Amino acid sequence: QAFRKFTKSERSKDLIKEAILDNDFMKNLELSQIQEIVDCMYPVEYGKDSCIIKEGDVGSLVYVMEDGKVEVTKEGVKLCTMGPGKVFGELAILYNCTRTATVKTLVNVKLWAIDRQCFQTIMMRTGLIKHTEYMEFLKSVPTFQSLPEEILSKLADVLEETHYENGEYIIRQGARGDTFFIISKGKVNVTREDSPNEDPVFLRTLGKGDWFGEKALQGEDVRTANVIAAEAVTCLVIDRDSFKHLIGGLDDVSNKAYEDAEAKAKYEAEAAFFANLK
């Protein structure tokens, strides 16, 4: 399914969009999401001296002022007035829907609104978009393309995107590591120092699609070589424990697979029975 779009003027569309990009909470949303919210919102008007949001209320609507002026007050304390181009009523959505302040109108106003559902949903599409971009990325790299679909997709739901600047060491020869890295952007150099005062030896170079620190996923072990960024570098990463988890979460028994075990079992039970006798 999908949501009911309310076709509006480009003027209003642009306005709604600026107000969002100007809101502490929503300025982070992905374009696709912002355009969605922009299309979901419908017009709402309130007369002068009308209470729109009352603190304590359990609310669902998020608004965008288009015209008029409102006044925000909390526990009786006037906080500010707001005019066109401002978002309000978005905060309750991340406090279990309990309004944190009162919003009364000073003149007749014209708002653009969206309900809790269209809102909470749209917001939710954040993890989905990530998974997509990640999946898209993983499937562009030969090695990870070959991986079965269950892990590849479950890997994409927990991976974190950490960053590095030219010159920073990502991992060092001799450290107690537990993080696996997949280069999504940049390039790095791997070096290892022979043993004593032997200047660091250059081993290989990795870049987009390459990876390193695999061993950390297979129990406690010290790194065999250093890995330093050789320019701006981005890495999708996952720590050992989280991995062990992902793996121990591959709840995917195949139809025929359960059948074969369904068989293996019977055989054993019978043989086990006769065993117990003589």
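Numbers for residues come from their place in the sequence shown, where the first is 1.
Peer 1: Averaging C-alpha B-factors over each stretch, which comes out higher, 8-16 or 259-267?
Peer 2: Between 259-267 and 8-16, it is 259-267 that shows the higher mean C-alpha B-factor.
Peer 1: When the Cα temperature factors in the entry are averaged, is it 63-71 or 29-37 that ends up higher?
Peer 2: The recorded data point to 29-37.
Peer 1: By the entry's C-alpha temperature factors, tell me which of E149, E165, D115, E90 sits highest.
Peer 2: In the PDB entry, the greatest C-alpha B-factor among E149, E165, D115, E90 is found at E149.
Peer 1: Choose from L128, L79, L206, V107 the residue with the greatest Cα B-factor as stated in the PDB record.
Peer 2: Highest C-alpha B-factor among the listed residues goes to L128.
Peer 1: Is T234 in the lowest, middle or highest third of its chain when residues are ranked by C-alpha B-factor?
Peer 2: It belongs to the middle third of the chain when residues are ordered by C-alpha B-factor.
Peer 1: How does the C-alpha B factor of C97 compare with the rest of the chain: lowest, middle or highest third?
Peer 2: CA B-factor rank for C97: highest third.
Peer 1: How does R192 rank on Cα B-factor within its chain, lowest, middle or highest third?
Peer 2: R192: CA B-factor falls in the highest third of its chain.
Peer 1: Where does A225 sit by CA temperature factor within its chain: lowest, middle or highest third?
Peer 2: For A225, whose C-alpha B-factor we compare with every modelled residue in the chain, the answer is the middle third.
Peer 1: Ordered by C-alpha B-factor within the chain, which third holds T143? Give me lowest, middle or highest, please.
Peer 2: Top third by C-alpha B-factor.
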